[PDB]
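Let me begin by presenting the structure, written as structure tokens, before commenting on it.
Reconstructed Cβ throughout: ideal geometry from the backbone, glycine too, with neighbour counts over all protein chains shown. All of the numbers you see were taken from the coordinates with simple rules; none came from a lab.
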């Protein structure tokens, strides 16, 4: 039982041919106040896995702390906790998804919408979403919320379907990401211009990026718009 | 029966005498006036007659600035004068308010034209004994001259005069226009257009005018307006220079 209070903006992601790409802003939002640009909503876990999270930060804060434990736990009694007995984007997701649904089903949800950015141990892009309803789904692209509305189209316009992915480089998508980032940073009050991005690649592994600032916005023509209407001056 | 003259009802001839008599009230003020579309502008000149000292003469105009763009000259009694401009005043902002762009001049005319036809048809309504000429430089139509009658009848004009001596200037300009062959006075400075006019007003009226003699106004692009006695004086001076 909860409501958003300290709130993270939308999270967007998609998997490309060689891996996955994900970005979320550095902002986090308390009401109309955009309260903290010190909010990293993209959470790396190991190389193969990064986690986007939206909604409650304290939840997310709570959540994230739970995650290291998994590692430290997966560490325990595990020589290969680094090796194949390392954690897997699938697992972590799988682990997590259980929680939310329960938490939901407990009528004590965790307030967040969450994508697990991963590229599997076999190098398979792990891109799969989980909500605070605990309903999950996976898809070539995962954007959340405001992004899910605008960015998924962009990234579904990037990859219409699965076959698109093996055709989909990092940068091609990556570009659209930052583009979508701008796009989102265009049309959202909550969207932040500064943001962060991560890329798990089947090869380079995790590629994470910081303080990425939305650019390439056309604010020019606005000057050309006078009043809302028939006002001519 | 004979009331047919007292009231608006078709005479045995299908005629409206009050109308015909409203026509009397038109020059009953005995002010001669003109409307000339310059090339750029439209210019309107009229007799400013100051019979009394006790007057504040400044207060005396039958040329009325209807809108931003539109002014109008009235030929007729100042009560009825003061009325229609008011009436006109509404439609503009109204039209503008409703239509998002200012009322075109003739629209007002056509509008105001509708009005008397009502009273024409509306017995207890009396039509008004003012003749009205609307002018502006219309965003669409540029310089514009629309005169309306007590009868709700109206038309566009290459230019016009109005008053008791209207015909004279009418001839004059008709002469000058059949001469000049173009609908408008071709001058870029409305000054000249004014100076042209004041000439041809002085001309056909055979009447020299002081600056207190003239009700003078200019419809210009986006702004109808008038002049002080000094632009008039300037016209008095300027026109004294051509001659």
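A few comments on the model shown:
- Remark: spin-label model distance residue B:30-residue B:182 equals 3.9 nm, labels positioned 7 Å along the Cα→Cβ axis.
- Contact order relative to length of chain A, as percent, for alpha carbon pairs under 8 angstrom and 6 or more apart: 27 percent
- Kirkwood Rh, Cα atoms: Rg over Rh of chain A: 1.02
- Approximating the spin labels as points 7 Å out from Cα along Cα→Cβ, the residue A:163-to-residue A:69 distance works out to 4.6 nm.
- Cα-only radius of gyration and Dmax that characterise region A:89-162, units Å: 13.0, 38
- If you wrap region A:1-137 in the convex hull of its Cα atoms and look at it from every side, the mean projected area works out to 8.1 nm².
- Adding -39500 (n - 2.57) for every DSSP H run of four residues or longer, then dividing by how many residues chain B holds, sets the calculated 222 nm ellipticity at -13000 deg cm²/dmol.
- Shielding score for A:224-230, defined as the mean number of other chain Cβ atoms within 10 Å: 1
- GNM flexibility winner over chain A from A:104, A:182, A:190 (Cα, springs under 10 Å): A:104
- When chain A is treated as a Gaussian network with alpha carbon springs shorter than 10 Å, the biggest mean-square fluctuation among A:55, A:46, A:147 belongs to A:46.
- C-alpha long axis of helix A:145-158 to longest principal axis of chain A, angle in °: 90 degrees
- Residue A:187 versus residue B:221: modelled label distance in nm, points set 7 Å from Cα along the beta carbon direction: 4.0 nm
- In chain A, helices alone account for a calculated mean residue ellipticity at 222 nm of -10000 deg cm²/dmol, with every DSSP H run of four or more residues adding -39,500 (n - 2.57).
- Relative contact order (%) - region B:131-243, alpha-carbon pairs under 8 angstrom, separation at least six: 25 percent
- Residue among B:38, B:14, B:142 with the largest mean-square fluctuation in a Gaussian network model of chain B, springs linking Cα atoms under 10 Å: B:14
- Prolate/oblate/rounded label for chain B (Cα gyration tensor, a/c 1.5): prolate
- Helix B:166-180 vs. chain B, principal-axis angle (Cα, 0 to 90°, nearest 10): 50 degrees
- Computed over region A:147-200, the P(r) tail beyond 15 angstrom holds 47 percent of alpha carbon pairs.
- Region B:168-213: radius of gyration and largest Cα-Cα distance (Dmax), Å: 10.9, 32
- Least to most buried among A:40, B:13, A:174, A:85 (fewest other Cβ within 10 Å first): B:13, A:85, A:174, A:40
- Sorted into 20 angstrom bins from 0, the C-alpha pair distances of the protein assembly as shown split as 21, 28, 10, 22, 17, 2, 0 percent.
- Region B:1-135: proportion of alpha-carbon pairs further apart than 27 angstrom, %: 28 percent
- FRET efficiency for residue A:223 and residue B:141, using Cβ-Cβ distance with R0 set to 35 Å, rounded to 0.05: 0.65
- Nearest-ten-degree value, helix B:190-204 long axis tilted from longest Cα axis of chain B: 70 degrees
- Global size of region B:49-94: 12.1, 39 Å for Rg and Dmax (C-alpha atoms, Rg to one decimal, Dmax whole).
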